[PDB]
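Heads up, the thing below is written out as structure tokens.
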Amino acid sequence: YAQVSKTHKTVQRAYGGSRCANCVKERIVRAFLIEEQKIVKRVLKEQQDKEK
Amino acid sequence: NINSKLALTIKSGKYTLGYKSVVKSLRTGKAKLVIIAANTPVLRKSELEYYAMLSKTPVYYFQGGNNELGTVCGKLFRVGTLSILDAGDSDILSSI
Amino acid sequence: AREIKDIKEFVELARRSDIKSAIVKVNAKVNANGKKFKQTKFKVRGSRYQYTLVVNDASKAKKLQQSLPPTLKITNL
Amino acid sequence: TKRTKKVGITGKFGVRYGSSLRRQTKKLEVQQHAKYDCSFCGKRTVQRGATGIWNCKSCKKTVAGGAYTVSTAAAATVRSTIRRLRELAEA
Amino acid sequence: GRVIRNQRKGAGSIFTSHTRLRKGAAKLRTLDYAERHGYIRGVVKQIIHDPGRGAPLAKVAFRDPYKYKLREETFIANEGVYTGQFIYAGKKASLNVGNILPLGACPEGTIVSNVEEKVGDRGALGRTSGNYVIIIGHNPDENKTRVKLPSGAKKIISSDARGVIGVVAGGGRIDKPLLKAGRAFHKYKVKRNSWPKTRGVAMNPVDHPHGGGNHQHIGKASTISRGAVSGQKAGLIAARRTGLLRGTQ
RNA sequence: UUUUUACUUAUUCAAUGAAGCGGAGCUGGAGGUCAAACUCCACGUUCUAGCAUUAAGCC
RNA sequence: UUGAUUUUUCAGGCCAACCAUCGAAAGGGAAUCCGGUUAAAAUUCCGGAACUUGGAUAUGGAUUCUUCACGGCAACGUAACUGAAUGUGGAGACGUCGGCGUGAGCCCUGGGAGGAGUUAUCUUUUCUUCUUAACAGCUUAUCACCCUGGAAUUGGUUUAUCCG
RNA sequence: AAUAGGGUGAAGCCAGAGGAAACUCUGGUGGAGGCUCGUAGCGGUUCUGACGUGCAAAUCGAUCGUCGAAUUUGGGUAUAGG
Ligand SMILES: [Zn+2]
């Protein structure tokens, strides 16, 4: 692998030569959805920090 | 009771079975209700209800697994999720 | 050994500064769908590789041979 | 046709080891070679690896189980016992 | 006479454990600030077979609280633990199968495994397949907890000692007969050199206290004093009773 | 002199790449407040096999 | 590890879990083949043709005025096409048996071009030569994956019944 | 690192037949087993054979045990005289 060009050892994508396409797709969706719910759990917490 | 309501919709109304069909029906705005089986992966589940939030669609959480959700629909296969396009003779949309 | 297909690339390659010598090989072949024809292989010896151009046309070979640099040593086989 | 009247999977042992030991082997060895329903994907694709290891071919979920069954009766009791005691503590 | 097989094991030449294929020592995490004050979350990456062990092991990845690094722990897999499960360890961890909690944080009747004898020894009790520890009661004034061990013994442990909720996976292993000498050979091929065993009564008087005679027989009582010396302790050492166990004990 | 149990520094056991110990104080949740705020608890992480590293900001 | 300094001084920036060493001519492991040659050496010599590692280094190409390239819905493609500390992974790297499939070498065999044998008779006959290395380019695959689509009258499918 | 060629035919699977059900029967397929016949191999039963100042300080011949595992084996390594 040291003596071959980079296109042979990677794929033009995030985590190209490290993760497969489906595992990168699942990381992206999981990162987006989980972080979206983090905002929801924060605004909801602030809703219970002013009435209860 | 909802099993009886859901069975009537399959007999008389319109529906799609399967994750790929449900997401298409949420994109097109043709979904009236989304039913998700209990053993559906949470990542797929939390994504279906994000699509429904954008699409302004109610979500019903079936209590059984995809084996039980499939047999309620009169199918001999497993149904992880489904969308109701047209509740016909049933009143499932008014109950959920 | 690398094979060269473009005749224009071969003449530009034969005038590289590291090119020691050239070989002109004549093969009496037959296409089996006709009769005898004379194939010519032009072989250029560079530092790393020997470069071969196969010229199946007996006339394009003669024109190509006089198109090589006059300084190259040419061995006729 | 039916090939063996009663030995079943233990017919590989021939006449050796004693009938009582072979019928005791048959009970647990049918269980360890069975296919179980996956609690994650719903398919009947769960098979044993080594003891206590049960893999699903479809969804590639591995669960820790019993030596010869995916779940022992003792584990099922603990699951409900832990579930019950959790409810009281969390009200 | 000669040095008997009991005594040759302590030198440990051919009697050490065969440990090439073992997958690491099964331990809890080192007790740190997160477990003492809150909880830390890890994810189950693998559930693997450990040669020489009936219980499968779980590989759980935690974050290092102080440096950018992943820490892989080797836990004893409780039954029901699956790959991709989140494992919570600490004082504030919830009562779920696979979570690591201090003993005082568990109500009476909680089934727990890989329990610490002492705070921070990373697990001593109930580690084999199908085994567990039952929490009997608490003594909050003295900060002590009563537990029942797999042998039936009652023990008093610090309430800060940790354990893993559930039963050790792989239980029921003993229910199946081995049926063959070869099965025991393969069983001990990855444990240690203790099989097969020659009966001492079948040896010569040099080899064993039971050897010799014109019939195979022990000749003297096989119950041996606790105060006997090495080379004598062959048989039933400090036996309170002998014979078939009849009735309750 | 004998029995018991208090101390920790001798001694002994264990762990860690000696990372958050002990006390007090900030903040809330409470006791019913009979001076005046004393006592107790907590004090940023729990649908998901994602991410977290080489400080932003304020003075 | 850098920026250096020519001030042969330095300035610092990161880290020091673990890490003396020995232990395999059958384990792991950078890289070579063919033809010829001696009385006796050859993957070592000769001829030709390659390869790896370390170092130095210029030219061409590539890239930049939207500074660190484009194309494809996608799987992904390419002659290239910044990337420190630190981190995460992969390869190294792995039992045994059973049948199945593909390849290679060998075995068998037809025509043709040669050479040898038998031939009282018979035998378009019996035997034999007809080869192609490492390496370079293009092309080539089970499996796996992507897009489309939405399936009971269930269908696809292996020698071995698994898949939706 | 090594271990011809056969026999038998366990689970699982396919099809057909019978039954109200609980279930049963048949034909294939499949290829299990410290299974079996039997080479190499490993061993060493009997002739109480040969030899017995030997080919040999343990061999030779026939016969025999076993032959896919508790198998056979090279090298490295550990254990040392009460
Ligand atoms: Zn599954």
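Every heavy atom of this structure was used, including side-chain atoms; hydrogens, water molecules and symmetry mates were not. Chain letters run A, B, ... following the sequence lines, proteins first, then strands; residues in each count from 1. Note that ligands are numbered from 1 as they come in the structure, with each ligand's atoms numbered from 1 the same way.
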Partners passing ring pair (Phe, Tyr, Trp, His ring centres under 6.0 Å) against E:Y82 (at least two apart in sequence or in another chain): D:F40
Side-chain H-bond candidate by donor/acceptor type, D:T10 with D:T25, under 3.5 Å: no
Test item: side-chain donor near acceptor, E:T74 and E:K59, under 3.5 Å: yes
Protein N, O or S atoms under 2.8 Å from the Zn ion (ligand 1): 4
Please table the atom pairs, donor to acceptor, closer than 3.5 Å between any side-chain atom in residues 34-44 of chain E and protein atoms at least two apart or in another chain.
{"unit_1": "E:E35", "atom_1": "OE1", "unit_2": "E:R162", "atom_2": "NH1", "d": "3.2"}
{"unit_1": "E:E35", "atom_1": "OE2", "unit_2": "E:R29", "atom_2": "NH1", "d": "3.4"}
{"unit_1": "E:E35", "atom_1": "OE2", "unit_2": "E:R162", "atom_2": "NH1", "d": "2.8"}

A:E35: salt bridge (charged side-chain N to carboxylate O under 4.0 Å, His left out) partners, not counting sequence neighbours: A:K38
Residues E:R71, E:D64: salt bridge by 4.0 Å N-O rule: yes
